[PDB]
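Asker: An experimental structure, sequence included, is below.
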Amino acid sequence: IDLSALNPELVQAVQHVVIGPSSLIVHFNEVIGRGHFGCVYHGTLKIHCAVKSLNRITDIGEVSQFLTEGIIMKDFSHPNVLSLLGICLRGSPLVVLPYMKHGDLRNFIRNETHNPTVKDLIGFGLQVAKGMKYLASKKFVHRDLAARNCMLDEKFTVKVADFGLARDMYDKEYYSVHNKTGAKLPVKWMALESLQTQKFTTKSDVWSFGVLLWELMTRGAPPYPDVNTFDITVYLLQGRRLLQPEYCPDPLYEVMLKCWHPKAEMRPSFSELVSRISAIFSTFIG
Ligand SMILES: O=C1c2c(nnn2Cc2ccc3ncccc3c2)CCN1c1ccccc1
């Protein structure tokens, strides 16, 4: 670790993010997750954790920047946002994250084992809105909000994941290669202006959130299955939105349409979404 290379402000914060090799046993025997950048394994820190390797990439880039990203992410603390436990050095560094017993939100709602009520699903969405409210107040744009990118712990607490050092493509099926810029993009979750410009804002996160609400209410159906990749722009511009799911409350569909407002600055803040969804949520029993 090259301490002088860092922003002098961040030097103190390093000891709080770095995990000593002797504090962490990672069980490389079974893969429990797969990303484009690397595999993840059970880890023991006595705390049970998910340890993500990054050795599938050629290079992590600047080590000082890697550390910086880690420091920024560690200071984030909210019950609906996945935390960073730390970084452990060994080849490539290991990302140490909490173990999420019930996996990703999309698979959770698709799972025939669990039977979430409409109230449960709305509540999952509310927790996401709250996670996103915190992230937006930190001026952080997620860029890849989707049900696949949120996770549930042992107490079914929903946490926005897939950001900072945990960022990766964990389900490659839903990402498309752009023509002019070789980037791999979650087009079916993206706002119109993002599809056109490839710029992401909190307001395009709000668009993605609307889609995530639709995923929740369809128990994990794929959005726009009869649309092909980048022809989604054509489809939307025909004057189309995802349809109201069978058990989606009318006011909740209205929230979704608001999230998909053609004017980015007219979409609701995440604070307004927390408010509106909490109200809809309170009307249900069971
Ligand atoms: O794998 C992930 C993921 C995310 N952010 N960090 N990660 C890595 C991660 C974090 C905690 C875990 N806990 C238990 C098992 C695997 C884990 C992976 C986003 C969602 N996700 C995932 C998992 C399964 C399928 C699709 C996406």
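Answerer: Structure's in. What do you need? Numbering: from 1, shown residues only.
Asker: hey, let's count contacts and neighbours off CA atoms from now on
Answerer: Fine.
Asker: Whichever residue of the stretch 101-250 of the chain sits closest to the ligand: which element?
Answerer: Of all residues in the stretch 101-250 of the chain, residue 162 sits closest to the ligand, at 3.6 Å by Cα to the nearest ligand atom. For residue 162, there is no host helix or strand (DSSP states H and E).
Asker: give me phi/psi at it?
Answerer: Main-chain dihedrals, residue 162, degrees, to the nearest 10: phi 50, psi 50.
Asker: Would you enumerate the residues in contact with it?
Answerer: By Cα atoms under 8 Å, 6 or more residues apart in numbering, the contact list for residue 162 reads 144, 149-150, 168.
Asker: Same check on residue 80?
Answerer: So residue 80 contacts 127-128, 130-131, 157-160 (Cα under 8 Å, 6+ apart).
Asker: how about a cut-off of 10 Å?
Answerer: 124, 126-135, 150-152, 157-161 (Cα atoms under 10 Å, 6 or more residues apart in numbering).
Asker: what's the domain layout of the protein?
Answerer: Following curated CATH domains, the chain resolves into domains at 1-99, 100-286.
Asker: Single out the most deeply packed of these.
Answerer: Mean neighbour count (mean count of other Cα atoms under 10 Å) peaks for domain 100-286 among the domains of the chain, with a mean of 18.
Asker: List, one by one, the residues from the protein near the ligand.
Answerer: For the chain, the residues in contact with the ligand (Cα under 6 Å from any ligand atom) are 32-33, 50, 97-101, 103-104, 148-151, 161-162, 166, 170-171.
Asker: rerun at 8 Å
Answerer: Within the chain, the residues that sit near the ligand (Cα under 8 Å from any ligand atom) are 32-35, 40-42, 49-52, 82, 97-104, 106-107, 148-151, 160-163, 166-171.
Asker: quick one: which of the residues you listed sit in strands?
Answerer: If you go by DSSP state E, the residues of the chain next to the ligand have 32-34, 40-42, 49-52, 97-98, 150-151, 160 in strands.
Asker: Please enumerate the helices of the stretch 1-150 of the chain.
Answerer: 14-17, 63-75, 105-110, 118-137 (DSSP state H, counting those that start in this stretch).
Asker: of the ones you listed, which approaches residue 5 most closely?
Answerer: helix 63-75 (6.4 Å; Cα to Cα).
Asker: contact partners of stretch 235-243?
Answerer: Residues outside stretch 235-243 that contact it (Cα under 10 Å, 6+ apart) are 191-192, 210-211, 214, 223-224, 227-228, 231-232, 234, 253, 256-257, 260, 262.
Asker: And for stretch 105-121?
Answerer: For stretch 105-121, the external contacting residues (Cα under 10 Å, 6+ apart) are 102, 122-127, 146-152, 156, 158-160, 212-213, 215-222, 247-249, 280-286.
Asker: Residue 86 is in contact with residue 166, correct?
Answerer: No: in this structure residue 166 lies outside contact range of residue 86 using Cα atoms under 10 Å: 11.2 Å.
Asker: anything in contact with each of the two?
Answerer: Common contact partners of residue 166 and residue 86 (Cα under 10 Å, 6+ apart): 51, 70, 73, 95-97.
Asker: what's the closest of these to residue 19?
Answerer: For these, the nearest to residue 19 is residue 96 (8.5 Å; Cα to Cα).
Asker: Which positions are bridged to the closest one in the beta structure?
Answerer: Residue 96 has these beta-bridge partners by DSSP bridges: residue 51, residue 86.
Asker: Contacts only, for it.
Answerer: So residue 96 contacts 17-19, 24, 26, 40-45, 49-53, 83-88, 165-166 (Cα under 10 Å, 6+ apart).
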